[PDB]
There are 2 protein chains.
Amino acid sequence: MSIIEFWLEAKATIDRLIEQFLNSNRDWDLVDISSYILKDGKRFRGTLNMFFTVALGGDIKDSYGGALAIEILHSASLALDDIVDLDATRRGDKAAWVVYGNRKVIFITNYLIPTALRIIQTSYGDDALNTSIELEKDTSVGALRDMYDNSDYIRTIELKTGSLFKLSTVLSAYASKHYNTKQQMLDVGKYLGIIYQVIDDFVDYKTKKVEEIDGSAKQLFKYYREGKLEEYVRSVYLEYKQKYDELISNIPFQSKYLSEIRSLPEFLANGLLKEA
Amino acid sequence: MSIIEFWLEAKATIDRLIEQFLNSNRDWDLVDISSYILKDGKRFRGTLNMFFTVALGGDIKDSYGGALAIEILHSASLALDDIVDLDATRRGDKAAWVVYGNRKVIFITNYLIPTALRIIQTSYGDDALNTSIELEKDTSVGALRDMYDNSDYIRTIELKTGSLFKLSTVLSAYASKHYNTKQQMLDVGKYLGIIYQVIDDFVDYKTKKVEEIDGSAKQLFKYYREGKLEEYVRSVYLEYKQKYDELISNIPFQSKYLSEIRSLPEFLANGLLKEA
């Protein structure tokens with residue numbers, strides 16, 4: 001529908017923001033490496049942010065700020081993910097570390113983060129910041145579990161992947177001047193995030209070798225080995241699709257995008273399955 | 001009372017603080033968290049903060065939280081120095097203890113940072129947060145430049161080791177509820193910091209092989225050859241030493257904790273010169 005269209009523009013607008021930010025940097029040294037970690041992304045979380053802000057009654061103008069902080073955090077987490085799982089093929093190209101090394105990439109990351117935070121509070125306020133720092137710590141926990149404490153699959157993928165979704169959605173609540181839907185929008189992101197990561201893992205089993213499945217996806221092996229994976233995944237997706245279809249009824253979204261938000265997961269899910 | 005005395009009481013207390021903290025983080029023993037925190041047990045940076053607190057009339061306990069944040073923030077950065085990147089011509093697919101080390105650091109690092117920030121915000125409010133977030137970005141930049149950026153020793157020894165001391169002092173203001181000393185104390189730390197780092201390098205040449213000094217040595221050479229070996233180390237000292245008293249004289253401090261404050265830059269010089 002219009003959703004994909006919006007995404008094409010949002011994505012395009014988002015890249016513009018990265019330039020208006022990168023080129024505009026007193027630090028004419030951190031620009032090269034960053035440009036690398038930051039490029040070629042589909043900017044999915046940022047457009048969802050931009051989407052909800054509009055669907056809430058705000059002006060996209062008010063999203064440009066968080067939408068950028070988000071992809072900077074998302075991109076940053078991706079380059080680290082490669083360092084951790086030892087992948088050299090991020091964005092269908094040589095991973096960051098595989099070029100500047102393990103240090104540079106990391107250091108840049110330890111800089112992109114606090115920058116992202118400033119950007120958020122600078123345009124939303126301290127409450128926004130603190131919420132961001134709370135989600136940021138969740139991600140840091142999730143990442144550890146995603147690697148070692150692989151147990152309680154749902155709680156783990158909520159923490160590693162769902163967190164930045166919640167950031168993406170919750171920010172639309174500040175951005176749209178509807179802070180009243182805060183707690184509610186934190187959940188939208190939870191359900192969308194979970195839904196996103198459960199399918200992403202499902203696509204790992206179907207397009208990757210089992211011996212090549214890292215992360216919390218491993219915990220799903222107990223379903224896959226028995227040929228009941230699709231069954232488990234499907235169930236999950238439905239569970240959190242219903243919680244989602246419900247939550248949206250108690251959330252004051254503009255009628256115009258009502259019938260477009262219902263398919264957000266439906267859209268988001270397939271978007272991954274296309275790689276098959 | 002006496003400087004030498006206080007340190008041995010704030011340090012032991014900081015150790016109990018870390019002890020009760022680490023206990024509340026057994027979950028992170030997976031990446032041997034206590035290994036990176038219990039590293040540098042001198043707790044110098046945290047002692048200063050705890051010091052100025054009473055020096056300004058603030059309660060000793062109202063600094064506790066701030067002390068911890070600092071040390072944790074310090075450990076977090078120290079840990080960064082254990083990162084190892086797979087060298088050229090010699091690596092190994094699936095052959096590494098180096099991947100565990102890297103993972104450990106990346107994980108534990110991204111957790112310490114936001115964790116400390118929250119301690120700062122929970123104890124001193126958002127005023128201290130935005131500053132901390134800001135001082136963090138600097139400590140971050142202070143590393144990409146510690147590598148190779150052709151930057152002068154000036155805009156590097158300030159960012160690298162400076163940002164932390166600045167945080168120590170400034171938080172001592174929030175602890176003593178003396179807001180006016182905000183921008184004030186911020187500088188009284190930048191000076192104790194530049195010292196602590198410029199002196200550490202002195203120990204890198206007199207206690208370590210000149211061929212084994214990476215970091216500040218990028219520019220530290222034009223002196224040891226001309227003649228400013230032990231000369232230049234003093235040029236900046238007396239400069240930033242008097243510039244320290246030059247400002248400490250005009251800062252609302254108490255009586256008992258006044259002269260001692262003056263004769264303090266030595267501690268962070270002598271205690272780090274007790275090598276050879």
# chains A, B, ... in the order shown; residues from 1 in each chain; ligands from 1
>>> residues_around(residues="region 189-197 of chain A", least_positions_apart="5", cutoff="10 Å", atoms="only C-alpha atoms", output="PyMOL selection string")
chain A and resi 45+48-49+154-170+184+202-203+216-217+233-234+236-245+247+264-266+268-272
>>> calpha_fit_rmsd(fixed="chain B", moving="chain A")
4.6 Å
>>> interface_residues(of="chain A", to="chain B", cutoff="7 Å", atoms="only C-alpha atoms", output="NGL selection string")
:A and (84 or 101-104 or 107 or 110-111 or 114-115 or 126 or 133 or 137 or 140-141 or 143-144)
>>> residues_around(residues="residue 276 (chain B)", least_positions_apart="3", cutoff="8 Å", atoms="only C-alpha atoms", output="PDB file with N, CA and C atoms, in the first residue's frame")
ATOM      1  N   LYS B 206      60.481   6.124  31.506  1.00  0.00           N
ATOM      2  CA  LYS B 206      61.444   5.828  32.560  1.00  0.00           C
ATOM      3  C   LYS B 206      61.204   4.458  33.206  1.00  0.00           C
ATOM      4  N   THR B 207      60.064   3.842  32.890  1.00  0.00           N
ATOM      5  CA  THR B 207      59.713   2.523  33.428  1.00  0.00           C
ATOM      6  C   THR B 207      59.360   1.547  32.297  1.00  0.00           C
ATOM      7  N   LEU B 273      54.574   8.491  40.485  1.00  0.00           N
ATOM      8  CA  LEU B 273      55.997   8.674  40.227  1.00  0.00           C
ATOM      9  C   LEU B 273      56.766   7.802  41.214  1.00  0.00           C
TER      10      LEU B 273
END
>>> select_by_dssp(residues="region 30-254 of chain A", states="helix (DSSP H, G or I)", output="JSON, numbers by chain")
{"A": [31, 32, 33, 34, 35, 36, 37, 38, 44, 45, 46, 47, 48, 49, 50, 51, 52, 53, 54, 55, 56, 60, 61, 62, 64, 65, 66, 67, 68, 69, 70, 71, 72, 73, 74, 75, 76, 77, 78, 79, 80, 81, 82, 83, 84, 85, 90, 91, 92, 97, 98, 99, 100, 101, 102, 103, 104, 105, 106, 107, 108, 109, 110, 111, 112, 113, 114, 115, 116, 117, 118, 119, 120, 121, 122, 123, 124, 126, 127, 128, 129, 130, 131, 132, 133, 134, 135, 136, 137, 138, 139, 140, 141, 142, 143, 144, 145, 146, 147, 153, 154, 155, 156, 157, 158, 159, 160, 161, 162, 163, 164, 165, 166, 167, 168, 169, 170, 171, 172, 173, 174, 175, 179, 180, 181, 182, 183, 184, 185, 186, 187, 188, 189, 190, 191, 192, 193, 194, 195, 196, 197, 198, 199, 200, 201, 202, 203, 204, 205, 206, 207, 210, 211, 212, 215, 216, 217, 218, 219, 220, 221, 222, 223, 224, 229, 230, 231, 232, 233, 234, 235, 236, 237, 238, 239, 240, 241, 242, 243, 244, 245, 246, 247, 248, 249, 250]}
>>> closest_residue(among="A:88, A:199, A:17, A:186", to="residue 131 (chain A)", atoms="only C-alpha atoms")
A:186
>>> atom_distance(atom1="CA of residue 1 (chain A)", atom2="CA of residue 43 (chain A)")
18.0 Å
>>> decode(residues="region 47-60 of chain B", atoms="N, CA, C and O atoms", output="PDB file, in the first residue's frame")
ATOM      1  N   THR B  47      38.343   9.203  44.375  1.00  0.00           N
ATOM      2  CA  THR B  47      38.734   9.798  45.643  1.00  0.00           C
ATOM      3  C   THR B  47      38.559  11.322  45.556  1.00  0.00           C
ATOM      4  O   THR B  47      37.988  11.933  46.458  1.00  0.00           O
ATOM      5  N   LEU B  48      39.026  11.926  44.464  1.00  0.00           N
ATOM      6  CA  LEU B  48      38.884  13.364  44.267  1.00  0.00           C
ATOM      7  C   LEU B  48      37.437  13.765  44.450  1.00  0.00           C
ATOM      8  O   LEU B  48      37.125  14.618  45.272  1.00  0.00           O
ATOM      9  N   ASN B  49      36.556  13.149  43.669  1.00  0.00           N
ATOM     10  CA  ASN B  49      35.144  13.462  43.757  1.00  0.00           C
ATOM     11  C   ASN B  49      34.650  13.407  45.193  1.00  0.00           C
ATOM     12  O   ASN B  49      34.018  14.342  45.666  1.00  0.00           O
ATOM     13  N   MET B  50      34.947  12.319  45.890  1.00  0.00           N
ATOM     14  CA  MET B  50      34.527  12.180  47.278  1.00  0.00           C
ATOM     15  C   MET B  50      35.139  13.264  48.148  1.00  0.00           C
ATOM     16  O   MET B  50      34.579  13.640  49.175  1.00  0.00           O
ATOM     17  N   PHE B  51      36.298  13.755  47.734  1.00  0.00           N
ATOM     18  CA  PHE B  51      37.021  14.776  48.478  1.00  0.00           C
ATOM     19  C   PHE B  51      36.356  16.135  48.407  1.00  0.00           C
ATOM     20  O   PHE B  51      35.806  16.623  49.392  1.00  0.00           O
ATOM     21  N   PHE B  52      36.415  16.746  47.233  1.00  0.00           N
ATOM     22  CA  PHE B  52      35.823  18.055  47.032  1.00  0.00           C
ATOM     23  C   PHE B  52      34.415  18.171  47.610  1.00  0.00           C
ATOM     24  O   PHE B  52      33.972  19.264  47.962  1.00  0.00           O
ATOM     25  N   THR B  53      33.713  17.045  47.704  1.00  0.00           N
ATOM     26  CA  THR B  53      32.346  17.046  48.225  1.00  0.00           C
ATOM     27  C   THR B  53      32.276  17.719  49.592  1.00  0.00           C
ATOM     28  O   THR B  53      31.527  18.680  49.777  1.00  0.00           O
ATOM     29  N   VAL B  54      33.047  17.210  50.551  1.00  0.00           N
ATOM     30  CA  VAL B  54      33.069  17.786  51.892  1.00  0.00           C
ATOM     31  C   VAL B  54      33.801  19.133  51.875  1.00  0.00           C
ATOM     32  O   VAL B  54      33.447  20.056  52.613  1.00  0.00           O
ATOM     33  N   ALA B  55      34.805  19.229  51.002  1.00  0.00           N
ATOM     34  CA  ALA B  55      35.614  20.433  50.821  1.00  0.00           C
ATOM     35  C   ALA B  55      34.732  21.638  50.539  1.00  0.00           C
ATOM     36  O   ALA B  55      35.089  22.772  50.856  1.00  0.00           O
ATOM     37  N   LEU B  56      33.580  21.380  49.933  1.00  0.00           N
ATOM     38  CA  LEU B  56      32.635  22.426  49.594  1.00  0.00           C
ATOM     39  C   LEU B  56      31.520  22.487  50.624  1.00  0.00           C
ATOM     40  O   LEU B  56      30.655  23.358  50.562  1.00  0.00           O
ATOM     41  N   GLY B  57      31.543  21.558  51.572  1.00  0.00           N
ATOM     42  CA  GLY B  57      30.515  21.536  52.593  1.00  0.00           C
ATOM     43  C   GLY B  57      29.468  20.470  52.343  1.00  0.00           C
ATOM     44  O   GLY B  57      28.536  20.318  53.132  1.00  0.00           O
ATOM     45  N   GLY B  58      29.605  19.736  51.242  1.00  0.00           N
ATOM     46  CA  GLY B  58      28.648  18.685  50.948  1.00  0.00           C
ATOM     47  C   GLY B  58      28.878  17.486  51.857  1.00  0.00           C
ATOM     48  O   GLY B  58      29.971  17.322  52.394  1.00  0.00           O
ATOM     49  N   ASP B  59      27.857  16.651  52.043  1.00  0.00           N
ATOM     50  CA  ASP B  59      27.973  15.462  52.894  1.00  0.00           C
ATOM     51  C   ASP B  59      28.816  14.434  52.133  1.00  0.00           C
ATOM     52  O   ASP B  59      28.804  14.413  50.900  1.00  0.00           O
ATOM     53  N   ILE B  60      29.535  13.584  52.868  1.00  0.00           N
ATOM     54  CA  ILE B  60      30.397  12.559  52.276  1.00  0.00           C
ATOM     55  C   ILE B  60      29.561  11.500  51.568  1.00  0.00           C
ATOM     56  O   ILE B  60      29.967  10.958  50.542  1.00  0.00           O
TER      57      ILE B  60
END
